[PDB]
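As structure tokens, the structure follows; a few thoughts come after it.
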Amino acid sequence: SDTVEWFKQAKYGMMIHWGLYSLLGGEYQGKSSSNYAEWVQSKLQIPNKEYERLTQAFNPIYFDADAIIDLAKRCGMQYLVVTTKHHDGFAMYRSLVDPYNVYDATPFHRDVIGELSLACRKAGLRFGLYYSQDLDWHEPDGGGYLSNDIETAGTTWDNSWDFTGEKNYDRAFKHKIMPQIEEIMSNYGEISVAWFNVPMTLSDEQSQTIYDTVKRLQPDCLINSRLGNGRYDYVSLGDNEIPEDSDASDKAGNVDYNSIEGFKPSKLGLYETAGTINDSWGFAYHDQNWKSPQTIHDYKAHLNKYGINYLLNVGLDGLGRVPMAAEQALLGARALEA
Amino acid sequence: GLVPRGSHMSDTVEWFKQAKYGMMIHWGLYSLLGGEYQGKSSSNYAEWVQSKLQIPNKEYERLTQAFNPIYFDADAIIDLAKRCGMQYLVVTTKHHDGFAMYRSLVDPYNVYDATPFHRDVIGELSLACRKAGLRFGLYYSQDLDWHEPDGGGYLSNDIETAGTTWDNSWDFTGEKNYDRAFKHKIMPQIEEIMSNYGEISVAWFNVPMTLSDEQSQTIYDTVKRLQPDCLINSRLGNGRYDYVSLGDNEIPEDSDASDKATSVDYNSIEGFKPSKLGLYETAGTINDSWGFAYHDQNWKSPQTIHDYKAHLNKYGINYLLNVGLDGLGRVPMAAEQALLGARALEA
Amino acid sequence: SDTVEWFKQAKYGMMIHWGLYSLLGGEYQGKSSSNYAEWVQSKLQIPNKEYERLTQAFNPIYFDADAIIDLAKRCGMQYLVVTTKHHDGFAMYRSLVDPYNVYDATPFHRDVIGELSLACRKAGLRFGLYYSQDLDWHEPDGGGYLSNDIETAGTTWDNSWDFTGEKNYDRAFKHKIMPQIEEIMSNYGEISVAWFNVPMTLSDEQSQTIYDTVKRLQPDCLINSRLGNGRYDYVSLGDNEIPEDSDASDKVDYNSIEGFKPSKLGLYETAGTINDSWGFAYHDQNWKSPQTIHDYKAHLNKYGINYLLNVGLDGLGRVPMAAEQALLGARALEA
Amino acid sequence: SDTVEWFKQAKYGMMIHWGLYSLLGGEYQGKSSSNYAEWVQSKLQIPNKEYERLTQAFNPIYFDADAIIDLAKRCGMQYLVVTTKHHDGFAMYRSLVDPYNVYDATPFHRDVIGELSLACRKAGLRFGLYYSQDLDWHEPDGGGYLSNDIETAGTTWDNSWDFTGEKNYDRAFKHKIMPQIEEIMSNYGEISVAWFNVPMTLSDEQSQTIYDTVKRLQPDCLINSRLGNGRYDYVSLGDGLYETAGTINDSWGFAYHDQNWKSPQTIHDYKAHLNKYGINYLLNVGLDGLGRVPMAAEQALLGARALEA
Amino acid sequence: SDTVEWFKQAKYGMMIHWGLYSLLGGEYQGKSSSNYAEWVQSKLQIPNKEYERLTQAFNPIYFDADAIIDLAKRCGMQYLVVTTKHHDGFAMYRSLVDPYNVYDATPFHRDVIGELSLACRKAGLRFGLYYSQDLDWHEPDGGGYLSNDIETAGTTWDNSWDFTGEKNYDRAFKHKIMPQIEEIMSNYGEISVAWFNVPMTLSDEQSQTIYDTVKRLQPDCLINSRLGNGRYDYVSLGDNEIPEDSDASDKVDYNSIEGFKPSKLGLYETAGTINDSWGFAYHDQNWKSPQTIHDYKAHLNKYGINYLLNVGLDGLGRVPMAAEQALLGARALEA
Amino acid sequence: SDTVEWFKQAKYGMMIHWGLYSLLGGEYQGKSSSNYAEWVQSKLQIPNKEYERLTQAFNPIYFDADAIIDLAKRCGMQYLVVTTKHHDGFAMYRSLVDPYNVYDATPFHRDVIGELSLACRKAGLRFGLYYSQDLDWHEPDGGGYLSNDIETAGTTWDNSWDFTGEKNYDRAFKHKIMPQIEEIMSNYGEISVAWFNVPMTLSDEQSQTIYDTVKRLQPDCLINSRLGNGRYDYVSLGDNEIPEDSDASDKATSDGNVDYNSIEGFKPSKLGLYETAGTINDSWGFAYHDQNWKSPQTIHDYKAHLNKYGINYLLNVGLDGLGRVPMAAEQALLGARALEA
Ligand SMILES: [Mg+2]
């Protein structure tokens, strides 16, 4: 495969997390998110009716897809993966299936995914899509409701505060998850990476259905291991997981295909660690724990030396900007390369 | 204590002498930028960003369309002040960028007319203060106005600032005459704010870089005409004041605080000046900025706030402690917690 | 079927009529509707161009799905059936097929059906959907143009004033009716009741096509007899029809809307109004008393007939005070 | 005075009550107004924060000033008196003094008083203005706070729920009442009638200041006996120049549940009785939330006209 | 076919070009083109990001579909063919597939094609649709990038200023072109004429796919020769092509847009403009006289060729006065 | 006066006509304006209720004050005079007195006069304001109702179709005219020229009141003769009036009394100041169907002829509905500039 040989040498990509959570920036009504500001709805059990009010404050006058792609290109990043829909269920593209999206529901009235697709194509960057296929806090049958024995970066995995009755993920899978995956894999050109997440609920068959649908629409798209249940083309390591040299040299009993930490089998020999510059995925006002240029440089070098890609995230602010400290960290790391 | 119903029975002078502690609010379009613009930093003063980065008015004005602070709640801000034992609240009606935070008939560059928010922030804070029994004060940039070709500061650019120049020297590069801005915008807006928001206890002017003694006097007399009990700070300039504002964050050492010595540049903003009435105030910040600044997390501790307040008050100096609201109209969590923490150290 | 045994014992449901007609409230340009305010467009032959202007006045700041469902629940009602689209053709949900709907066309910019679905699910009420499958005054090929020998609550059954040429219901059936039924039966979760109406035009095959489509998307949904042509799971009696003992003890024009019809499953329902209109009507204060509501309910239920009692929400999205008081009063008469 | 001789023979006028209260139509949160729907904010102590939400629902697509005036004219009404601002304090004209008004605060974004002024002038009806000078539930210092020993069509005369501190009408008088009276008596052409309330709170001096201001701006405007200043042009009789104001049903504001409309014959007979004694009949219409004359009101008026020949 | 015999005797139709280009009227930011105003994005290489801003200025308060159709009818025109989407890629109908359209993207918030469809039906005019199936300057994979039959020479017509990389029309064909053709052939009633254009990229198979899809959805729709590759029911001559007697009496590059081509059914049409532009152009006052229009029509018709005469509406939705007067004047020259 | 010596040598200025009429562009319901497209409301007796609909179509995304001033400057024009309010009564600035204005009533929501003032100041062009003090078709008491024996570029001078009863200009003078003049002479910096028009109704006292008000607010502002009644600082000739050599030499059209409220010919000028305002085509407002653009040579020669007699040439641009200078207008202006050394 051309995509396979490409991904093996791609080395470095930019990830983007952006959504309504970015406006809150890790604070709400005088209380804090966890280190993951994008989990704030769960952490503080924000009712959908309240969280939806953020739509009216979403008018990011500084968002400029071409400028973001240009920054990625100047840093030597070869692909960009963006949140089409995170756990809160809010789509960052024009979804016919669900009007809870950036185009229909906000004054911004623009398809963010559309703009980033176009910018990537112009600049010659490959384009990837993140989608929360399991969790959806906007849906009564969103995933996570069987997993609450496992601690989260919020409270529960699912929206357990608005929705307290019988739940069946199958219904959300059929009505929202699969239709939206069809939208994003149809409407934005060639997709090189599909980034799924936290497969807490979906069955082997549901993972397979997604896998097959993605490949039908996007034959060369690489799917990451967090689609769950062994249905994937490359392995995502844990959040910010920089494996020890020894373990990265082995890339290594039973594997839990739905765990998100550590190595898993990879027939194609493809691996990626997604990481953050500070400690959040979403923008977080009070997290100034930005990794230094030296740290970023060394993480990238270590991953790449062992055949692992580094997908480094930017959490855009409420105005659509790369935080200055994020940009300076990225450019600083780039300056340390020959 | 002989006043009309609805007024404070304590005379403003005796009140201010014992007031000890007030809240200041800085809020405007600069709060959206939060100390950054196009990948570049403000100075420590995020509200100075327009000058620091010479942002053209045509660009800066675009911020109006992003100003929809759905979490602004005047009653909640007043409640925080009151529970912390603050006895007054002083709010930016218009800062150096020239953008009004009230419904100005004189100038549509304001929060009511120019933003989707379409609400009179000063009006809401006035009403909240009245309901809670807090005295209400108004900050107004009478000299600098970066939205006005004749805004002040154009004679002062030999002196370093928290931006670049004192004036807007990038959009406006020709002949300038502050007198025109004084007549057309400054005096009319002062008349608005001193007329339309009830009883005003404090008038907080700033950086008197340009206005003449006569212009200072004209302001002083107009404020007193509209608001006979309003106390005016020393940064109106030229000796026209009722109380002395110390420097920004100026906590004088015991010896200086005791002596308050002057035997004076009336247009300087540092150090003591004469006060016939014996009234003094230090305005300070919880972090290092007046406006909200995303990258300034240097929040003073509860203990520091408590100690600063106690030190100032022991020497008869009031502490006016600022909150820079964010773009959504919120008190930053660390600021709220610092204030509540300081309150917990009293009893 | 679980839905069958449920419906047999459900006894009592709330119906909702709400639309652009609710703003007019039974008056337009100084003239009155009939007793049916929701028929005003036909009664007064309001041109579509004029009627559509109502969209801009539709901003019901007091609409609260949770509060409506809570009132139903407090009254012992076990299900709620709501107008997704009445005869005027205006959809009260986000229809991709047709932008003449509450989400796309009004400042309210909210999916009313979506909000009611969510509220019903949270409170454990079963949810039903009303759809005018035959009449559509917004469509040149809307039904009713073969039926004008039969008296109406307006003028004609069809829009005969904007559309005066050749008509063919098959075109509207294909392009609007079936696609919208697919939307409402796909996008709002489990649907327990489908309430069709006034089958003045559609063929046996068209009734069957709807029936099959509803069952495909909603296997447990019970369909009422006004789908027409014998394609149904339960019998709807006439509007406000409280049957006399002889007929009710015993329980055929399949497209008539009055009287009994065969019911293989033994399921029956009378839909009624608290006043005399389905839609909100400013000048109709003829509210049935608590005792009348109580007695109608008891009478219907003793024959195994469900009582589906309608509320016509006002232009602000409110239950009229007199309607709320009637319902709560009736509930107070149960021991 | 030309206005004096005119008013003596005018016989019949239309009054209009219209405001945010008209949207509620005598109900709020499942509770009733009294017979006076326009008093609902007081009756049910609706907080200003909640009541103000009505602004967003105010888009009366059927409001047509020319059509209202044409109805008045066809019935032989010679003047129209309209609510510029009722007790709730919401102005139905573009007020520079206060943005709580129909132009600035609603999607309708139109000056209702302006449109009615123009319509009256085109049709040759004299134009009159009603203004609540004492009560103002939108103002902390609105009047009524000395009068709560007297029962009302609501609860208290003042807003006693949002505003619970010291009250001094002098402040509202200076900042809102006098400035708004100056607006309405300046910006809408010749005003023939000024309709104020019976003063619960104003001083003699304040009533006099209003009288003098009106006459200064509108030298031919008639002031009636309600104003309380002790100088007036005509006597406002119960709710040689005289006028009785009345309603067609029992509410001033539109009230969905009041269908107690007076018959054509009643209106005809009442008007004839008043006119035989040299009393003008000022008959109110309460427009609905869409800006319409209720059908039964229109039918009553035209019916009464048909009984004259 | 009924449409075949109808088209043979129809003789005279109205064409409408209307879009964002109509606002610019051949001028843009200190530049101008006297070529076809609807081509201004290409002729002045206006970036999509700039051109899109025109959406916010599009509020044609004078647009009145009934009035346009009534003008056509009074002139004896028997059909109306309107731009659903021209080369700039902006749809003049509510497209689910692409929000770059007059309903979703402009304050006008109205379906222009929908309104014209309804107006035509009421007046008894047949309705036709123009769609740019090949060029689409809003799409990176829009057609035009393969120089048609002449090597290089500047003879590409894609958007080559915004989109400079490798291109594959098949992607746009699948994702935008075919879905939109399905929309317009599904959602606007009976379509009598399909007017395609400049087939310089699509394959014979792609032409066939369009042809078959149009016929599936609209069995009576006649397709013009500019669909390309021989897939058509009638021959479109060149723009404004008034053939000489010799050529007209006699009547092959299937993808050329000039001259005669074989016509099994004997159906032919020349589309022409009243001035020299299809879209409205501020500076083009070169209006043909009544006499010229009359004589062109007679010349075309005497050879069995229909005359499809275009109106370019202005930015307010109006027929330019000189255009209306030319058309009515030509009508006055008929008995 | 500095302004007097300045105006005498200024020679050449730009005028701007822009308003709701620019959207119609001289056509309405299939009917034509006269040569003056800005008079279309009167020509076709458009009811105010209908004309007001134009506000919702006014969103001129290509308006750029700096670019308009830059064109003026490139052509050697030394001042710019813009319509704050023409006969239709629609204000092109934020008027507190009247919400029928470009800021309050249109999606554009921008103060056109404010933007032009700022652009003029940055570029060092003097700034002038046009205001229709007499006619106002939006006001029942607008002027013109005594003058309908005299033909116009529409029908009547006044709005005689919406307003058919008794009229008294005094009311409009007090409530709209004087307050708006106060606004525009207060809120837009130093004003060098005040351009009034068609003084069909106002009295000598009313002309004087305006004159005094303008001078109070703008001491150095030069007021043109169309204020009426002899109350002026310089003489405006007729529309597009290029006087014959003999008359231009004498600065006189006849030997006796002048009519101070006529708009044609010379009048006395104590300060020796004169100006002809003219058009590039035949309309003041933008006109879709008027392509009768004067040639570069004509513009050059008109300017030279006027200037040789100490008469200024104030040449108008009628912006289109998008806020643009028509290309043919720009090309005529730059063409004329090219013919100067
Ligand atoms: Mg009274």
Side-chain angles (χ1 to χ4, degrees), chain A residues 45-59 89-91 93-109 136-142 145 158-180 182-183 186-187, chain C residues 2 6 59 61-70 73 91-99 101-127 179-180 182-192 216-221 317:
Chain A
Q45 298 201 157
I46 308 177
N48 289 332
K49 183 169 146 41
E50 294 308 308
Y51 193 82
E52 287 169 14
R53 293 180 64 244
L54 287 164
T55 62
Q56 301 306 296
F58 193 88
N59 191 27
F90 185 73
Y93 71 98
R94 186 183 71 98
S95 177
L96 291 180
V97 152
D98 201 314
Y100 188 55
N101 75 64
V102 68
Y103 176 89
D104 289 299
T106 78
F108 195 54
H109 187 63
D136 193 311
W137 300 335
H138 204 249
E139 284 296 316
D141 294 307
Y145 57 82
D158 57 316
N159 181 333
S160 56
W161 50 94
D162 288 310
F163 309 128
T164 66
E166 290 186 45
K167 292 176 174 187
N168 179 3
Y169 172 77
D170 295 357
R171 291 200 282 279
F173 180 81
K174 177 175 169 182
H175 290 277
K176 185 179 184 188
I177 300 305
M178 284 299 307
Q180 283 196 324
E182 292 186 47
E183 291 173 334
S186 299
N187 297 344
Chain C
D2 167 74
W6 164 74
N59 194 21
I61 62 170
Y62 294 114
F63 179 68
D64 183 341
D66 289 326
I68 296 164
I69 275 55
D70 194 64
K73 183 157 186 199
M92 293 296 284
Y93 71 96
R94 184 182 187 275
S95 175
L96 294 185
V97 152
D98 198 318
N101 76 62
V102 69
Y103 176 91
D104 290 298
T106 78
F108 195 54
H109 188 60
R110 286 161 60 182
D111 189 328
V112 167
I113 302 307
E115 295 186 4
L116 288 163
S117 176
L118 208 70
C120 283
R121 177 171 175 163
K122 292 180 197 178
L125 251 58
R126 300 211 186 197
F127 189 51
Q180 286 198 141
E182 292 189 47
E183 293 170 336
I184 68 181
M185 296 298 167
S186 303
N187 297 346
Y188 297 105
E190 178 178 343
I191 307 308
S192 294
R216 172 172 56 83
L217 293 168
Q218 295 291 338
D220 300 310
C221 185

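Proteins come first, then strands; the chains are lettered A, B, ... in the order of their sequence lines, and each starts at number 1.
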Open item on the list: Just to verify, what does C:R110 make a salt bridge (charged side-chain N to carboxylate O under 4.0 Å, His left out) with, not counting sequence neighbours?
Closed with: C:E115
- [ ] Output all residues satisfying side-chain hydrogen bond (donor to acceptor under 3.5 Å, both in side chains) with A:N187, sequence neighbours left out; order by chain, then residue number.
- [x] none
Task: residues 163-179 of chain A: residues contacting chain C (heavy atom under 4.5 Å, by number) - done: A:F163, A:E166, A:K167, A:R171, A:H175
Open item on the list: For A:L96 versus C:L96, what's the shortest heavy-atom pair and its separation?
Closed with: O-CD1, 4.0 Å
Task: Rounded distance (nearest 0.5 Å) linking atom NZ of A:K49 with atom CG of C:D66 - done: 8.5 Å
TODO: Quick one: list whatever passes side-chain hydrogen bond (donor to acceptor under 3.5 Å, both in side chains) with C:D70, sequence neighbours left out.
DONE: C:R74
Open item on the list: Show the nearest heavy-atom pair for residues C:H109 and A:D104, with the distance to one decimal.
Closed with: NE2-O, 3.2 Å
Open item on the list: Give me the atom names and distance for the closest heavy-atom approach of A:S95 to C:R94.
Closed with: O-NH1, 4.4 Å
